[PDB]
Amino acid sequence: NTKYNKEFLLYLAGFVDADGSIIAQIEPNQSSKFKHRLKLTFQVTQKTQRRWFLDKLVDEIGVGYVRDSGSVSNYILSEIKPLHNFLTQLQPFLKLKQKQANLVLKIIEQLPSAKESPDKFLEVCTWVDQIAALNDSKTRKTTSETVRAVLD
């Protein structure tokens, strides 16, 4: 558990509320127990000319990585434990994405029990739905109702 300084988290929270994204997904997958799995991603996007800003963020957060997608680059953090540690410390300072971060934390904490009960899995999938509802969601396909249908 890296501890992050407060002035860093305040500025970063403003920047995340603006250019960042807290993304929760349900992905069909026949080899997982309930034929789906959850993905949680913290992302900060920026034009590739300013990839230096994202490279410095990776140094400061101490985990995650930067990838180029031609025109733009993204800082990505997905690994569950460091994602939990990071969002736990950022969320107090968030204003537009606070609810999404707290949902992600709730999901992460219930993950252990999600993976042994289909109705607990479903409940967690409804929290994913709530995240997407708070985001500017436009291309989403798999929802908790997709999961419920498939569970037979």
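Residue numbers here begin at 1 and follow the sequence given.
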| property | result |
| --- | --- |
| Mean temperature factor over C-alpha atoms, higher-scoring stretch between 104-112 and 36-44 | 104-112 |
| Between 140-148 and 20-28 (mean CA B-factor, as deposited), the higher | 140-148 |
| Options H84, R51, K97, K120 - largest CA temperature factor per the record | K120 |
| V66, C-alpha B-factor rank within chain (lowest, middle or highest third) | lowest |
| For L90, the third of its chain into which the C-alpha B factor falls | lowest |
